[PDB]
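Only one structure is covered here, and it is reproduced in the block below.
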Amino acid sequence: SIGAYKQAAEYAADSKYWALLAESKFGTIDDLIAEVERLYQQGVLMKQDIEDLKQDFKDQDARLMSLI
Amino acid sequence: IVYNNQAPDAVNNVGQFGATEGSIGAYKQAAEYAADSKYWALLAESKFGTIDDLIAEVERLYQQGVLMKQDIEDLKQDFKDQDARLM
Amino acid sequence: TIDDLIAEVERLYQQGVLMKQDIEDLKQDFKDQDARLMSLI
Amino acid sequence: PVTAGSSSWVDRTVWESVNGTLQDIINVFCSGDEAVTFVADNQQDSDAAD
Amino acid sequence: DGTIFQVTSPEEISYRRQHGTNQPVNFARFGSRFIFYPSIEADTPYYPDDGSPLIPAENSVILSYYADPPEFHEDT
C-alpha cells in the first residue's frame with residue numbers, strides 16, 4: 001500500500017477541500033452538542049422537587065405518628 | 001554546544017523538487033490552515049474531554065439518584081398501604 | 001464514539017421522561033386516594 | 001535462513017556424523033545371536049553362569 | 001539501536017513482498033513516495049501545531065538529506 005506522487009497543487013486542493021468539509025461539519029455537530037446541553041435542566045428541576053415532596057411527606061409522617 | 005534558536009528568514013522561492021514558484025501559493029495556504037485546523041483540533045479535544053466527563057458524571061449521579069429515589073418510593077408506598085389495610 | 005454514546009443516553013432520556021410522568025400520575029392518584037382516606041376517617 | 005535471497009541451503013554434517021559411529025555401534029553389541037554372556041572362574045559356579 | 005537502511009529498486013522490494021518471512025531494510029522511490037519493504041510505522045504528530053517534542057516524535061527514523069536552499073529575497 002504505497003501512494004504515488006502526482007502534482008502537489010492537486011493534492012493541496014484535496015488537502016484543503018476535505019479538511020474544509022471535515023471541519024465545517026465538525027462545527028455543526030459542536031452546535032448539536034451545544035443544543036443538547038441546553039436541555040436536561042428539567043432533570044434538576046424535578047430533583048429538588050423530590051426532596052420538597054419528601055420533606056412534606058416526612059413532616060406529615062411525623063404528624064400522623066404524633067397523632068397516633 | 002549550539003542553540004537551535006535560528007528561524008527561517010528567507011522566502012521558499014526555489015527548490016528542485018516539490019514546492020515550485022507556480023505552486024508555493026498552494027503550499028503556503030495549506031500550511032497556514034493546517035496549523036489553524038490543528039490549533040482548533042486541540043481546543044476541540046480539550047472541550048470534548050470536559051463535556052464527555054461532565055456528561056458521564058451527571059448521568060452517573062442521576063443513575064444513583066434514580067435507584068435511591070425509587071427504592072425509598074416503593075419502601076414508603078408499601079409501608080403506608082400495608083399499614084392502612086391492616087388498620 | 002460520541003454518536004454511539006449519544007444514541008443510548010437520549011433513549012434513557014425518552015425512557016426517563018415517559019416513566020417520570022407515569023409515576024407522577026400515579027403519585028397524584030395515590031395522594032388523592034390518601035387525601036380521601038383522611039376525610040373518611 | 002536469514003533471507004530468501006541468501007540461498008538458504010543447509011548442510012547436515014552432524015547428521016552423517018551422529019549416526020556415523022552407529023553403523024558400528026549396533027553392528028558390534030546387538031549384531032550377534034544375543035548381546036551378553038556371563039563367564040565364571042570355577043566349575044563350582046559354572047552351572048550358575050549359564 | 002542505529003539501524004541503517006539501504007536502497008533498492010521496486011523490482012526487488014516487490015519480490016520481498018511476494019516472499020514474506022526483513023532485518024536488512026530496503027526502500028525505494030515510487031514517484032513522490034518512499035516505500036519500505038516491511039510495513040514500518042514510524043510516526044510524526046498531525047499537522048505540527050505541535051505542543052509536543054514527544055522525545056523527538058517517539059525517537060522515530062531520521063533522515064539525512066541535502067535540501068534546496070532558499071532563493072534570496074532580501075538585502076539583509
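Following the order of the C-alpha cells, chains are lettered A, B, ..., residues in each are numbered from 1, and ligands are numbered from 1.
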
Find the nearest atom pair between each residue of chain B and chain C for residues within 12 Å, count only C-alpha atoms, give distances in Å to one decimal, sort rows by chain and ascending number, and present the table as CSV.
```
residue,atom,partner,partner_atom,distance
B:48,CA,C:2,CA,9.6
B:49,CA,C:2,CA,11.4
B:51,CA,C:2,CA,10.8
B:52,CA,C:2,CA,8.6
B:55,CA,C:9,CA,9.5
B:56,CA,C:5,CA,9.9
B:58,CA,C:9,CA,11.5
B:59,CA,C:9,CA,8.5
B:60,CA,C:9,CA,11.4
B:62,CA,C:16,CA,10.7
B:63,CA,C:12,CA,10.2
B:66,CA,C:16,CA,9.6
B:69,CA,C:20,CA,11.8
B:70,CA,C:23,CA,10.2
B:73,CA,C:27,CA,9.9
B:74,CA,C:23,CA,11.2
B:76,CA,C:30,CA,12.0
B:77,CA,C:30,CA,9.0
B:78,CA,C:30,CA,11.9
B:80,CA,C:34,CA,9.5
B:81,CA,C:34,CA,9.4
B:84,CA,C:37,CA,9.1
B:85,CA,C:37,CA,11.2
B:87,CA,C:41,CA,11.3
```

With N, CA, C and O atoms retained, could you export that selection as a short mmCIF file (atom, residue, chain, number, x, y, z; two decimals), in the first residue's frame?
```cif
data_model
loop_
_atom_site.label_atom_id
_atom_site.label_comp_id
_atom_site.auth_asym_id
_atom_site.auth_seq_id
_atom_site.Cartn_x
_atom_site.Cartn_y
_atom_site.Cartn_z
N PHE B 48 -14.05 18.58 24.35
CA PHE B 48 -14.68 17.26 24.36
C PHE B 48 -14.34 16.51 25.64
O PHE B 48 -15.20 15.81 26.20
N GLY B 49 -13.10 16.62 26.11
CA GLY B 49 -12.73 15.96 27.35
C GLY B 49 -13.55 16.44 28.53
O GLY B 49 -13.94 15.65 29.39
N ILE B 51 -16.65 17.99 28.33
CA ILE B 51 -18.07 17.71 28.15
C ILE B 51 -18.35 16.21 28.30
O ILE B 51 -19.38 15.82 28.87
N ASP B 52 -17.45 15.36 27.80
CA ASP B 52 -17.65 13.92 27.96
C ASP B 52 -17.57 13.52 29.43
O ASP B 52 -18.37 12.69 29.89
N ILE B 55 -20.84 14.94 31.01
CA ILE B 55 -21.99 14.11 30.69
C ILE B 55 -21.93 12.80 31.46
O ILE B 55 -22.95 12.33 31.99
N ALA B 56 -20.75 12.19 31.55
CA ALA B 56 -20.61 10.93 32.25
C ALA B 56 -20.91 11.08 33.74
O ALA B 56 -21.57 10.23 34.34
N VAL B 58 -22.70 13.50 35.40
CA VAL B 58 -24.08 13.84 35.72
C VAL B 58 -24.99 12.63 35.52
O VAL B 58 -25.94 12.42 36.27
N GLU B 59 -24.71 11.83 34.49
CA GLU B 59 -25.50 10.62 34.26
C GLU B 59 -25.31 9.62 35.39
O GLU B 59 -26.26 8.95 35.81
N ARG B 60 -24.08 9.49 35.89
CA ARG B 60 -23.81 8.55 36.98
C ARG B 60 -24.57 8.95 38.24
O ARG B 60 -25.29 8.13 38.83
N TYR B 62 -27.11 10.87 38.41
CA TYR B 62 -28.53 10.71 38.09
C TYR B 62 -28.95 9.25 38.23
O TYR B 62 -30.03 8.96 38.75
N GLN B 63 -28.11 8.32 37.76
CA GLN B 63 -28.43 6.90 37.88
C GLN B 63 -28.48 6.47 39.34
O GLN B 63 -29.39 5.74 39.75
N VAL B 66 -31.63 7.98 40.76
CA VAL B 66 -32.86 7.29 40.37
C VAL B 66 -33.06 6.03 41.20
O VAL B 66 -34.17 5.76 41.69
N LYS B 69 -33.91 6.97 44.83
CA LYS B 69 -35.24 7.56 44.95
C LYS B 69 -36.32 6.52 44.66
O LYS B 69 -37.42 6.59 45.24
N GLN B 70 -36.04 5.57 43.77
CA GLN B 70 -37.01 4.51 43.50
C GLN B 70 -37.12 3.55 44.68
O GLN B 70 -38.22 3.10 45.02
N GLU B 73 -39.15 5.14 47.40
CA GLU B 73 -40.54 5.31 46.99
C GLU B 73 -41.34 4.03 47.18
O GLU B 73 -42.44 4.04 47.74
N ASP B 74 -40.80 2.89 46.71
CA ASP B 74 -41.51 1.63 46.89
C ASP B 74 -41.56 1.23 48.36
O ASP B 74 -42.53 0.61 48.81
N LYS B 76 -41.72 3.28 51.01
CA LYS B 76 -42.72 4.08 51.72
C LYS B 76 -44.13 3.76 51.24
O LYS B 76 -45.07 3.75 52.04
N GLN B 77 -44.30 3.49 49.94
CA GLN B 77 -45.61 3.14 49.42
C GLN B 77 -46.11 1.83 50.02
O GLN B 77 -47.27 1.72 50.43
N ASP B 78 -45.23 0.83 50.09
CA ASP B 78 -45.61 -0.45 50.68
C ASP B 78 -45.93 -0.30 52.16
O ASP B 78 -46.89 -0.90 52.66
N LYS B 80 -47.03 2.35 53.86
CA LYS B 80 -48.27 3.07 54.13
C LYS B 80 -49.49 2.25 53.72
O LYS B 80 -50.47 2.18 54.47
N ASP B 81 -49.45 1.62 52.54
CA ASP B 81 -50.61 0.85 52.09
C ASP B 81 -50.85 -0.37 52.97
O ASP B 81 -52.00 -0.69 53.29
N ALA B 84 -52.29 0.89 56.19
CA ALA B 84 -53.67 1.33 56.01
C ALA B 84 -54.64 0.15 55.96
O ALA B 84 -55.71 0.20 56.57
N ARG B 85 -54.27 -0.91 55.24
CA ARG B 85 -55.17 -2.06 55.13
C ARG B 85 -55.21 -2.88 56.41
O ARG B 85 -56.25 -3.46 56.74
N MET B 87 -54.92 -1.61 59.48
CA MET B 87 -55.72 -0.84 60.41
C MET B 87 -56.15 0.48 59.77
O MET B 87 -57.16 0.54 59.07
#
```

Just the helix (DSSP H, G or I) stuff from chain D, please, per backbone DSSP, written as an NGL selection string. :D and (4-6 or 13-18 or 22-28 or 46-49)

If we count only C-alpha atoms and set the cut-off at 9 Å, which residues sit around residue 50 in chain E, ignoring sequence neighbours fewer than 4 positions away in its own chain? Please answer as a VMD selection string. (chain B and resid 35 38 to 39) or (chain E and resid 45 to 46)

Residue 8 in chain A: which residues within 10 Å, counting only C-alpha atoms, same-chain residues fewer than 4 positions away excluded, as number ranges by chain? A: 12-15; B: 18-20, 23-24, 26-27; E: 32

Grab the residues selected above and save them as a compact mmCIF listing (two decimals), in the first residue's frame with C-alpha atoms.
```
# COMPACT_ATOMS: atom_id res chain seq x y z
CA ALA A 12 -3.26 20.62 -1.80
CA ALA A 13 -6.68 21.09 -3.40
CA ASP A 14 -7.70 17.70 -2.00
CA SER A 15 -5.97 18.61 1.28
CA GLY B 18 8.13 19.51 -4.52
CA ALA B 19 7.31 23.17 -3.99
CA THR B 20 7.75 25.45 -7.01
CA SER B 23 2.84 26.00 -6.51
CA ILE B 24 4.33 27.74 -3.44
CA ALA B 26 -0.74 26.17 -2.51
CA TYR B 27 1.96 25.19 -0.01
CA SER E 32 6.92 11.21 -4.88
```

Please report, as CSV, each residue of chain E lying at most 10 Å from chain D, together with the nearest pair of atoms and the separation in Å rounded to one decimal; use only C-alpha atoms, and order rows by chain and ascending residue number.
```
residue,atom,partner,partner_atom,distance
E:15,CA,D:4,CA,9.5
E:16,CA,D:4,CA,8.1
E:19,CA,D:4,CA,7.1
E:20,CA,D:4,CA,8.8
E:21,CA,D:3,CA,8.0
E:22,CA,D:3,CA,7.6
E:23,CA,D:2,CA,8.4
E:24,CA,D:3,CA,9.0
```

Skip range 63-66 of chain A itself and residues of its chain fewer than 5 positions away, then list as a list in words all residues within 12 Å of it, counting only C-alpha atoms.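 After dropping sequence-adjacent residues, the list is residues 56, 57 and 58 of chain A; 80 of chain B; 38 of chain C.
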
Based on only C-alpha atoms, which of the residues in chain E come within 12 Å of chain B? I want them as a list in words.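 Filtering chain E at 12 Å from chain B with only C-alpha atoms gives residues 31, 32, 33, 45, 46, 47, 48, 49, 50, 51, 52, 66, 67, 68, 69, 70, 71, 72, 73, 74, 75 and 76 of chain E.
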
Interatomic distance between CA of residue 28 in chain E and CA of residue 1 in chain E? 22.3 Å

Specify as a CSV table (one decimal) with N, CA and C atoms, in the first residue's frame all residues of chain E found within 12 Å of chain A, counting only C-alpha atoms.
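Result file follows (result29.csv):
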```csv
chain,number,residue,atom,x,y,z
E,10,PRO,N,12.1,-1.1,-7.0
E,10,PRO,CA,10.8,-1.8,-6.9
E,10,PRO,C,10.9,-3.2,-7.2
E,14,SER,N,9.4,-5.7,-4.4
E,14,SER,CA,8.2,-6.4,-4.7
E,14,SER,C,8.4,-7.9,-4.4
E,17,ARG,N,8.1,-8.7,-0.9
E,17,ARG,CA,6.7,-8.8,-0.5
E,17,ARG,C,6.2,-10.2,-0.9
E,27,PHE,N,14.3,0.2,0.7
E,27,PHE,CA,13.3,1.2,0.4
E,27,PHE,C,13.6,1.6,-1.0
E,28,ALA,N,12.6,2.3,-1.6
E,28,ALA,CA,12.8,2.8,-3.0
E,28,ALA,C,11.9,4.0,-3.3
E,29,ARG,N,12.0,4.4,-4.5
E,29,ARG,CA,11.4,5.7,-4.9
E,29,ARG,C,10.4,5.5,-6.0
E,30,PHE,N,9.1,5.6,-5.5
E,30,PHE,CA,8.0,5.5,-6.3
E,30,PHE,C,7.4,6.9,-6.5
E,31,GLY,N,7.8,7.6,-7.6
E,31,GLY,CA,7.4,8.9,-7.8
E,31,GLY,C,7.7,9.8,-6.6
E,32,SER,N,6.7,10.4,-6.1
E,32,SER,CA,6.9,11.2,-4.9
E,32,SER,C,6.9,10.4,-3.6
E,33,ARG,N,6.9,9.1,-3.7
E,33,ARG,CA,6.7,8.3,-2.5
E,33,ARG,C,8.0,7.5,-2.2
E,34,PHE,N,8.2,7.2,-0.9
E,34,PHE,CA,9.2,6.3,-0.4
E,34,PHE,C,8.5,5.0,0.0
E,35,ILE,N,9.0,3.9,-0.4
E,35,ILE,CA,8.5,2.6,0.0
E,35,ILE,C,9.5,1.9,0.8
E,36,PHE,N,9.0,1.1,1.8
E,36,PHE,CA,9.9,0.3,2.6
E,36,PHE,C,9.3,-1.1,2.7
E,37,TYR,N,10.1,-2.1,2.6
E,37,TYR,CA,9.5,-3.4,2.3
E,37,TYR,C,8.6,-3.8,3.5
E,38,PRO,N,9.2,-3.8,4.7
E,38,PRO,CA,8.3,-4.1,5.9
E,38,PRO,C,7.4,-2.9,6.1
E,39,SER,N,6.2,-3.2,6.5
E,39,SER,CA,5.2,-2.2,6.8
E,39,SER,C,5.6,-1.4,8.0
E,40,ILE,N,6.6,-0.5,7.9
E,40,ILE,CA,7.1,0.2,9.1
E,40,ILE,C,6.0,1.2,9.5
E,47,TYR,N,-0.8,17.8,11.7
E,47,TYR,CA,0.0,19.0,11.2
E,47,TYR,C,0.7,19.5,12.5
```

Quick one: pull the distance between CA of residue 54 in chain A and CA of residue 72 in chain B, Å, one decimal.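 CA of residue 72 in chain B lies 9.9 Å from CA of residue 54 in chain A.
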
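Interatomic distance, CA of residue 11 in chain E against CA of residue 26 in chain E: 11.8 Å.
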
Given a cut-off of 10 Å, which residues of chain A touch chain C, counting only C-alpha atoms, written out as a PyMOL selection string? chain A and resi 33+36+40+42-43+46

Across A:10, A:32, A:61, A:52, the smallest distance to residue 3 in chain C, with only C-alpha atoms counted, is shown by A:32
